[PDB]
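Data block below; observations after.
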Amino acid sequence: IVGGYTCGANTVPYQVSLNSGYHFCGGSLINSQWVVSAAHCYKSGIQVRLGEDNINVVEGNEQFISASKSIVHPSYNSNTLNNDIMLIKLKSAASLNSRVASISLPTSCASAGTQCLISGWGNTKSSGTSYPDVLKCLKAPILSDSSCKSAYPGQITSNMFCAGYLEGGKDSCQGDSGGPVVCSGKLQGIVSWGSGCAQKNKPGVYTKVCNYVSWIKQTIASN
Ligand SMILES: N=C(N)c1ccc(CNC(=O)[C@@H]2CCCN2C(=O)CCC2CCCCC2)cc1
Ligand SMILES: [Ca+2]
C-alpha cells in the first residue's frame, strides 16, 4: 500500500496473509472455513495466516491453517486477469474472535464515489521497493467506470472496477494482491492489477466481487 497508514493491530480482522514459506498474497475471510483471494495468487501448498499484524513476528493472536483445496474461477483468464478470484478452503475451521472475523459478501454492488478500505502488506513505495511488516490501510473511492476505461483502454471488463486517486500518490501495490477492498461493510473488491503503483492516471484495478456472490455461495455449499 503506497501512501496509506498503519492500520493498527487486528483492526482489519478479515485480512489474511497467504504464506508458502513467505507472505505472497492477501485474502479475505468470508466464514470460518473459506477465504477469498485473487486467482493470480493461485499456487499449491498454501497456509492461511489469520489474526496477523506484524507478519514477521509472532504477537499472540495468529492462527496458521493449511489450505485443503483451492478453486480458481472457472473463467479466469491469466492473460487479461478477467475473473481474477479464487476460493481457498481451510483444512480446519478458524476459531472466530474479535481479531479473526469474517467480512460480509455484498448483496449488491457499490456505486462510484463510495469510499472503501484497502489493506495489505505489499510494497509502500511508488518507485523502488520497501515492504512493511505491519498491515497498511488506505481509504480510497471507487472511480467512475469511464475514468477507469480511459486509463486502461480495451483492458477493463464488467468484472473489474478502479479505485483510488487519479492524481497518484495513494494506491495498492505488489504484495497486496488478493486482499480486500471493503465498502460499507461489504467485500466489494480484490486487489488485482494496475500500471505501476500510485502513478498519475493509473489507478488500481479490482475484481468486482458483487458479480461473483452467487458463484461463491454455490461453490462453498458444494465443497
Ligand atoms: N493498484 C496497483 N497499482 C497494483 C496493485 C497490485 C498489483 C499486483 N498485480 C500484479 O502484479 C498482476 C499479477 C499478474 C500481472 N499483474 C500485473 O499487474 C501486470 C499487468 C497486468 C497483466 C495482465 C492483465 C492486466 C494487466 C499491481 C498493481
Ligand atoms: Ca504475526
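Every chain in the C-alpha cells has a letter given in the order shown (A, B, ...), and although residue numbers restart at 1 in each chain, ligands are simply numbered from 1 in the order shown.
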Residue A:67 environment, 9 Å, only C-alpha atoms, sequence neighbours closer than 3 positions dropped, as an mmCIF file with N, CA, C and O atoms, in the first residue's frame:
data_model
loop_
_atom_site.group_PDB
_atom_site.id
_atom_site.type_symbol
_atom_site.label_atom_id
_atom_site.label_comp_id
_atom_site.auth_asym_id
_atom_site.auth_seq_id
_atom_site.Cartn_x
_atom_site.Cartn_y
_atom_site.Cartn_z
ATOM 1 N N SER A 44 -0.044 -24.179 -5.211
ATOM 2 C CA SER A 44 -0.301 -25.256 -4.254
ATOM 3 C C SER A 44 0.471 -25.018 -2.962
ATOM 4 O O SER A 44 1.395 -24.195 -2.877
ATOM 5 N N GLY A 45 0.123 -25.752 -1.902
ATOM 6 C CA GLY A 45 0.882 -25.631 -0.678
ATOM 7 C C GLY A 45 0.633 -24.343 0.078
ATOM 8 O O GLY A 45 1.528 -23.770 0.694
ATOM 9 N N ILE A 46 -0.595 -23.830 0.075
ATOM 10 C CA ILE A 46 -0.883 -22.578 0.796
ATOM 11 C C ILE A 46 -1.202 -22.790 2.269
ATOM 12 O O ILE A 46 -1.990 -23.670 2.672
ATOM 13 N N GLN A 47 -0.626 -21.958 3.142
ATOM 14 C CA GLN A 47 -1.010 -21.789 4.521
ATOM 15 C C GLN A 47 -1.674 -20.431 4.704
ATOM 16 O O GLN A 47 -1.115 -19.392 4.317
ATOM 17 N N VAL A 48 -2.861 -20.440 5.293
ATOM 18 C CA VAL A 48 -3.587 -19.206 5.573
ATOM 19 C C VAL A 48 -3.210 -18.709 6.964
ATOM 20 O O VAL A 48 -3.215 -19.476 7.925
ATOM 21 N N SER A 70 -8.200 -25.381 -3.283
ATOM 22 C CA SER A 70 -8.250 -24.059 -3.888
ATOM 23 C C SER A 70 -9.135 -24.206 -5.120
ATOM 24 O O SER A 70 -9.085 -25.253 -5.792
ATOM 25 N N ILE A 88 -10.399 -20.466 -1.305
ATOM 26 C CA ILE A 88 -9.477 -21.323 -0.587
ATOM 27 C C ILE A 88 -10.155 -21.859 0.655
ATOM 28 O O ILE A 88 -10.689 -21.087 1.445
ATOM 29 N N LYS A 89 -10.154 -23.181 0.824
ATOM 30 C CA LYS A 89 -10.783 -23.791 1.985
ATOM 31 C C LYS A 89 -9.708 -24.155 3.022
ATOM 32 O O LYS A 89 -8.688 -24.694 2.658
ATOM 33 N N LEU A 90 -10.025 -23.862 4.270
ATOM 34 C CA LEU A 90 -9.157 -24.161 5.400
ATOM 35 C C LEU A 90 -9.332 -25.615 5.800
ATOM 36 O O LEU A 90 -10.490 -26.063 5.860
ATOM 37 N N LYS A 91 -8.253 -26.332 6.050
ATOM 38 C CA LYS A 91 -8.343 -27.758 6.422
ATOM 39 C C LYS A 91 -9.049 -27.912 7.735
ATOM 40 O O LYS A 91 -9.689 -28.941 8.002
ATOM 41 N N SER A 92 -8.947 -26.907 8.595
ATOM 42 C CA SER A 92 -9.762 -26.905 9.810
ATOM 43 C C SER A 92 -10.383 -25.527 10.011
ATOM 44 O O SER A 92 -9.799 -24.502 9.646
#
Q: May I have the residues within 8 Å of ligand 1, computed using only C-alpha atoms and all ligand atoms, as a ChimeraX atom specification?
A: /A:40-41,78-82,155,171-177,191-199,202-206
Generate a file of the selected residues that holds C-alpha atoms, formatted as an mmCIF file, in the first residue's frame.
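out33.cif, written as the output of this step:
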data_model
loop_
_atom_site.group_PDB
_atom_site.id
_atom_site.type_symbol
_atom_site.label_atom_id
_atom_site.label_comp_id
_atom_site.auth_asym_id
_atom_site.auth_seq_id
_atom_site.Cartn_x
_atom_site.Cartn_y
_atom_site.Cartn_z
ATOM 1 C CA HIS A 40 -3.440 -14.807 -9.810
ATOM 2 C CA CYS A 41 -2.453 -15.792 -6.250
ATOM 3 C CA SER A 78 -4.447 -15.183 -16.763
ATOM 4 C CA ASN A 79 -3.645 -13.092 -19.852
ATOM 5 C CA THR A 80 -6.228 -10.367 -19.134
ATOM 6 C CA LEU A 81 -6.985 -11.116 -15.405
ATOM 7 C CA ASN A 82 -10.710 -11.191 -16.210
ATOM 8 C CA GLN A 155 -8.477 -3.792 -20.826
ATOM 9 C CA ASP A 171 -2.700 3.088 -4.198
ATOM 10 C CA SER A 172 -2.289 -0.611 -3.550
ATOM 11 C CA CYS A 173 0.798 -2.375 -4.967
ATOM 12 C CA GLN A 174 2.656 -5.693 -5.400
ATOM 13 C CA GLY A 175 2.179 -7.984 -2.404
ATOM 14 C CA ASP A 176 -1.271 -6.511 -1.708
ATOM 15 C CA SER A 177 -2.590 -8.863 -4.432
ATOM 16 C CA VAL A 191 -6.589 -6.310 -5.313
ATOM 17 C CA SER A 192 -5.909 -7.388 -8.893
ATOM 18 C CA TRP A 193 -3.729 -5.153 -11.095
ATOM 19 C CA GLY A 194 -2.669 -1.671 -12.255
ATOM 20 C CA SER A 195 0.190 0.086 -14.058
ATOM 21 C CA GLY A 196 2.993 0.638 -11.602
ATOM 22 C CA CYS A 197 1.735 1.805 -8.227
ATOM 23 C CA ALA A 198 0.331 5.237 -7.265
ATOM 24 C CA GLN A 199 1.126 6.624 -10.734
ATOM 25 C CA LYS A 202 -3.072 4.845 -13.424
ATOM 26 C CA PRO A 203 -5.499 3.884 -10.622
ATOM 27 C CA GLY A 204 -5.758 0.402 -9.164
ATOM 28 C CA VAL A 205 -7.935 -2.259 -10.732
ATOM 29 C CA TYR A 206 -10.011 -4.551 -8.555
#
**Q.** Closest of A:13, A:51, A:26, A:4 to residue A:65 - atom-to-atom distances counting only C-alpha atoms
**A.**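 Result for the nearest residue to residue A:65: A:51.
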Q: Could you pull out the residues sitting within 12 Å of ligand 2, using only C-alpha atoms and all ligand atoms, and write them as a list in words?
A: residues 9, 10, 16, 17, 19, 23, 49, 50, 51, 52, 53, 54, 55, 56, 57, 58, 59, 60, 61, 62, 63, 64, 121, 133, 134 and 135 of chain A
Selection from above, N, CA, C and O atoms, as an mmCIF file, in the first residue's frame, can you write it?
data_model
loop_
_atom_site.group_PDB
_atom_site.id
_atom_site.type_symbol
_atom_site.label_atom_id
_atom_site.label_comp_id
_atom_site.auth_asym_id
_atom_site.auth_seq_id
_atom_site.Cartn_x
_atom_site.Cartn_y
_atom_site.Cartn_z
ATOM 1 N N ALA A 9 -3.020 -2.962 15.014
ATOM 2 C CA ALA A 9 -3.167 -4.392 15.127
ATOM 3 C C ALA A 9 -4.592 -4.924 15.150
ATOM 4 O O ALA A 9 -5.416 -4.550 15.998
ATOM 5 N N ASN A 10 -4.846 -5.840 14.204
ATOM 6 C CA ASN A 10 -6.112 -6.571 14.133
ATOM 7 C C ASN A 10 -7.318 -5.665 13.976
ATOM 8 O O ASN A 10 -8.434 -6.070 14.338
ATOM 9 N N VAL A 16 -6.379 -11.650 5.687
ATOM 10 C CA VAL A 16 -5.468 -12.773 5.852
ATOM 11 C C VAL A 16 -4.201 -12.575 5.000
ATOM 12 O O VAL A 16 -4.131 -11.822 4.018
ATOM 13 N N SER A 17 -3.178 -13.306 5.431
ATOM 14 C CA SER A 17 -1.940 -13.412 4.674
ATOM 15 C C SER A 17 -1.867 -14.837 4.124
ATOM 16 O O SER A 17 -2.081 -15.769 4.901
ATOM 17 N N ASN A 19 0.584 -17.706 2.897
ATOM 18 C CA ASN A 19 2.009 -17.994 3.092
ATOM 19 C C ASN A 19 2.412 -19.320 2.475
ATOM 20 O O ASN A 19 1.736 -20.323 2.630
ATOM 21 N N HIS A 23 5.147 -14.537 3.012
ATOM 22 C CA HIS A 23 3.876 -13.957 2.556
ATOM 23 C C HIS A 23 3.973 -13.739 1.063
ATOM 24 O O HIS A 23 4.922 -13.140 0.559
ATOM 25 N N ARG A 49 -2.854 -17.426 7.058
ATOM 26 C CA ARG A 49 -2.432 -16.862 8.329
ATOM 27 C C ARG A 49 -3.431 -15.764 8.690
ATOM 28 O O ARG A 49 -3.539 -14.776 7.950
ATOM 29 N N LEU A 50 -4.176 -16.026 9.759
ATOM 30 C CA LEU A 50 -5.233 -15.210 10.294
ATOM 31 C C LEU A 50 -4.750 -14.485 11.558
ATOM 32 O O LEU A 50 -3.814 -14.938 12.245
ATOM 33 N N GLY A 51 -5.365 -13.356 11.901
ATOM 34 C CA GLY A 51 -5.056 -12.624 13.125
ATOM 35 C C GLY A 51 -3.703 -11.947 13.082
ATOM 36 O O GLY A 51 -3.149 -11.625 14.145
ATOM 37 N N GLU A 52 -3.159 -11.710 11.890
ATOM 38 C CA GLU A 52 -1.837 -11.116 11.710
ATOM 39 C C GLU A 52 -1.793 -9.609 11.825
ATOM 40 O O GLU A 52 -2.679 -8.941 11.279
ATOM 41 N N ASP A 53 -0.762 -9.059 12.471
ATOM 42 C CA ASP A 53 -0.418 -7.663 12.272
ATOM 43 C C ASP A 53 0.996 -7.667 11.712
ATOM 44 O O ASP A 53 1.142 -7.594 10.486
ATOM 45 N N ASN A 54 1.993 -7.831 12.583
ATOM 46 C CA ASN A 54 3.364 -7.914 12.080
ATOM 47 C C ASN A 54 3.571 -9.317 11.531
ATOM 48 O O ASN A 54 3.496 -10.304 12.258
ATOM 49 N N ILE A 55 3.800 -9.458 10.220
ATOM 50 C CA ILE A 55 3.807 -10.815 9.675
ATOM 51 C C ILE A 55 5.150 -11.501 9.892
ATOM 52 O O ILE A 55 5.269 -12.699 9.600
ATOM 53 N N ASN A 56 6.161 -10.785 10.424
ATOM 54 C CA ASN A 56 7.441 -11.400 10.701
ATOM 55 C C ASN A 56 7.626 -11.677 12.196
ATOM 56 O O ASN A 56 8.665 -12.191 12.582
ATOM 57 N N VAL A 57 6.651 -11.341 13.025
ATOM 58 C CA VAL A 57 6.719 -11.565 14.461
ATOM 59 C C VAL A 57 5.464 -12.235 14.981
ATOM 60 O O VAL A 57 4.349 -11.832 14.638
ATOM 61 N N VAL A 58 5.668 -13.269 15.798
ATOM 62 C CA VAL A 58 4.504 -13.936 16.391
ATOM 63 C C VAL A 58 4.080 -13.092 17.585
ATOM 64 O O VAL A 58 4.845 -12.985 18.551
ATOM 65 N N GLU A 59 2.923 -12.450 17.549
ATOM 66 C CA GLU A 59 2.443 -11.490 18.525
ATOM 67 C C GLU A 59 1.359 -12.014 19.440
ATOM 68 O O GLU A 59 1.045 -11.370 20.446
ATOM 69 N N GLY A 60 0.787 -13.173 19.135
ATOM 70 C CA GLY A 60 -0.104 -13.824 20.067
ATOM 71 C C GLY A 60 -1.529 -14.015 19.642
ATOM 72 O O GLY A 60 -2.265 -14.703 20.366
ATOM 73 N N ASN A 61 -1.933 -13.424 18.514
ATOM 74 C CA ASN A 61 -3.315 -13.601 18.043
ATOM 75 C C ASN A 61 -3.427 -14.352 16.724
ATOM 76 O O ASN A 61 -4.538 -14.450 16.171
ATOM 77 N N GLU A 62 -2.333 -14.916 16.221
ATOM 78 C CA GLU A 62 -2.343 -15.656 14.964
ATOM 79 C C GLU A 62 -3.005 -17.016 15.026
ATOM 80 O O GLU A 62 -3.005 -17.768 16.018
ATOM 81 N N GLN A 63 -3.583 -17.396 13.890
ATOM 82 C CA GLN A 63 -3.972 -18.756 13.595
ATOM 83 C C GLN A 63 -3.364 -19.118 12.235
ATOM 84 O O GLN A 63 -3.620 -18.400 11.275
ATOM 85 N N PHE A 64 -2.609 -20.198 12.191
ATOM 86 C CA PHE A 64 -1.974 -20.687 10.966
ATOM 87 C C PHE A 64 -2.657 -21.990 10.560
ATOM 88 O O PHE A 64 -2.619 -22.985 11.282
ATOM 89 N N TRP A 121 0.042 -5.964 3.054
ATOM 90 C CA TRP A 121 1.444 -5.948 3.415
ATOM 91 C C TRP A 121 2.375 -5.779 2.236
ATOM 92 O O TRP A 121 3.566 -6.128 2.290
ATOM 93 N N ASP A 133 6.268 -4.297 7.896
ATOM 94 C CA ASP A 133 5.954 -5.729 8.276
ATOM 95 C C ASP A 133 4.582 -5.736 8.960
ATOM 96 O O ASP A 133 3.965 -6.802 9.085
ATOM 97 N N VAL A 134 4.063 -4.560 9.318
ATOM 98 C CA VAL A 134 2.708 -4.412 9.796
ATOM 99 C C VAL A 134 1.715 -4.072 8.668
ATOM 100 O O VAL A 134 2.065 -3.580 7.599
ATOM 101 N N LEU A 135 0.436 -4.332 8.941
ATOM 102 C CA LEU A 135 -0.606 -4.152 7.945
ATOM 103 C C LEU A 135 -0.808 -2.670 7.656
ATOM 104 O O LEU A 135 -0.861 -1.877 8.593
#
Q) Between atom CA of residue A:84 and atom CA of residue A:152, what is the spacing in Å? A)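 Computing the Euclidean distance for atom CA of residue A:152 and atom CA of residue A:84 yields 16.7 Å.
Reported to one decimal place, the separation of atom CA of residue A:146 from atom CA of residue A:214 is 26.4 Å.
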Q: Quote the spacing between atom CA of residue A:86 and atom CA of residue A:113 in Å to one decimal place.
A: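 Between these atoms lies a distance of 26.5 Å.
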Q: Could you pull out the residues in stretch 77-130 of chain A that DSSP calls strand (DSSP E) from the backbone, as a list in words?
A: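 Result set for stretch 77-130 of chain A (strand (DSSP E)): residues 86, 87, 88, 89, 90, 115, 116, 117, 118, 119 and 120 of chain A.
Closest approach to residue A:219 among A:148, A:187, A:138, A:36 is made by A:36 (distances from only C-alpha atoms).
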Skipping near chain neighbours, those fewer than 3 positions away, what residues fall within 7 Å of stretch 72-75 of chain A using only C-alpha atoms, listed as a PDB file with N, CA, C and O atoms, in the first residue's frame?
ATOM      1  N   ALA A  39      -7.310 -14.997  -8.220  1.00  0.00           N
ATOM      2  CA  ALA A  39      -6.878 -16.154  -8.969  1.00  0.00           C
ATOM      3  C   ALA A  39      -5.401 -16.103  -9.297  1.00  0.00           C
ATOM      4  O   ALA A  39      -4.744 -17.139  -9.414  1.00  0.00           O
ATOM      5  N   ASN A  83     -12.048 -12.121 -14.431  1.00  0.00           N
ATOM      6  CA  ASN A  83     -12.486 -13.085 -13.414  1.00  0.00           C
ATOM      7  C   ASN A  83     -11.351 -13.456 -12.449  1.00  0.00           C
ATOM      8  O   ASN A  83     -11.155 -14.639 -12.181  1.00  0.00           O
ATOM      9  N   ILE A  85     -10.390 -14.156  -9.291  1.00  0.00           N
ATOM     10  CA  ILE A  85     -10.956 -14.528  -7.989  1.00  0.00           C
ATOM     11  C   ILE A  85     -10.811 -16.022  -7.812  1.00  0.00           C
ATOM     12  O   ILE A  85     -10.904 -16.814  -8.743  1.00  0.00           O
ATOM     13  N   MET A  86     -10.561 -16.397  -6.577  1.00  0.00           N
ATOM     14  CA  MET A  86     -10.445 -17.797  -6.209  1.00  0.00           C
ATOM     15  C   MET A  86     -10.866 -17.970  -4.751  1.00  0.00           C
ATOM     16  O   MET A  86     -10.838 -17.023  -3.965  1.00  0.00           O
ATOM     17  N   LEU A  87     -11.278 -19.194  -4.483  1.00  0.00           N
ATOM     18  CA  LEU A  87     -11.708 -19.609  -3.152  1.00  0.00           C
ATOM     19  C   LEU A  87     -10.715 -20.602  -2.573  1.00  0.00           C
ATOM     20  O   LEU A  87     -10.197 -21.424  -3.316  1.00  0.00           O
TER      21      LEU A  87
END
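For the set A:188, A:105, A:22, A:144, the residue with the smallest atom-to-atom gap to residue A:213 is A:105, counting only C-alpha atoms.
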Q: Report the residues of stretch 102-210 of chain A whose backbone DSSP state falls under alpha helix (DSSP H), written as a VMD selection string.
A: chain A and resid 145 to 151
Please dump the current selection as a PDB file, in the first residue's frame; keep C-alpha atoms.
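The file below, result-v3.pdb, is the result:
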ATOM      1  CA  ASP A 145     -16.034   3.245 -14.996  1.00  0.00           C
ATOM      2  CA  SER A 146     -15.327   5.855 -17.665  1.00  0.00           C
ATOM      3  CA  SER A 147     -12.264   7.153 -15.831  1.00  0.00           C
ATOM      4  CA  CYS A 148     -11.246   3.516 -15.348  1.00  0.00           C
ATOM      5  CA  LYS A 149     -11.593   2.613 -19.044  1.00  0.00           C
ATOM      6  CA  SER A 150      -9.940   5.883 -20.183  1.00  0.00           C
ATOM      7  CA  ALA A 151      -6.890   4.975 -18.111  1.00  0.00           C
TER       8      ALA A 151
END
